[PDB]
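[1] can't give you the sequence, but here's the structure:
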């Protein structure tokens, strides 16, 4: 009752259908800002 | 057991958000709250599915 990447992605998954027609780079902008690899150091 | 509709609400808001660039900012908001989810960001299947 704390972790995610399940219910949200589950439903949002379908909605993602629009993301494929929204803007490729649009989602890549915020991505780089966070850091694909840097996001891997979000452990303990 | 399962997850509250809150997370999905905010999350879906991103994928459901408009084509505007400002909407992207909303994403970082959710991720910032959900670290364990940040992992999936690495794959960014959404970006590779456009």
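    That came through fine. Numbering: from 1, shown residues only, chains lettered A, B, ... in the order given.

[2] use CA for all of it now, contacts and neighbours both
    Noted.

[3] now do the contacts for the residue lying closest to residue B:48 once chain neighbours are set aside.
    Once flanking residues are discounted, residue B:48 sits nearest to residue A:24: 7.9 Å by CA to CA, 6 or more residues apart in numbering or on different chains. Contact analysis of residue A:24 by CA atoms under 8 Å, 6 or more residues apart in numbering or on different chains lists B:47, B:48, B:50.

[4] from residue B:10, how far off is residue A:39?
    For residue A:39, the distance to residue B:10 equals 19 Å [CA to CA, to the nearest Å].

[5] let me know the secondary structure of residue A:3.
    coil (DSSP: H, G, I helix; E, B strand; the rest coil).

[6] and the closest residue to it other than its chain neighbours, what element?
    Spatially, and ignoring its direct neighbours in sequence, residue A:3 is nearest to residue B:36 (6.9 Å; CA to CA, 6+ apart). In this assignment (DSSP states H and E), residue B:36 forms part of helix B:35-43.

[7] what's in contact with the helix or strand following that helix?
    Heading C-terminal from helix B:35-43, the first helix or strand you meet, by DSSP H and E, is helix B:45-48. Contact partners of helix B:45-48, identified using CA under 8 Å, 6+ apart, comprise A:16, A:19, A:20, A:24, A:25, A:27, A:28.

[8] okay, those in TSV with secondary structure and distance to residue B:5 next?
    Converted to TSV, the contacts of helix B:45-48 look like this (DSSP: H, G, I helix; E, B strand; the rest coil; distance: CA to CA, whole Å):
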residue	secondary structure	distance to residue B:5
A:16	helix	17
A:19	helix	21
A:20	coil	24
A:24	helix	27
A:25	helix	28
A:27	helix	23
A:28	helix	26
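
[9] sounds good, over and out.
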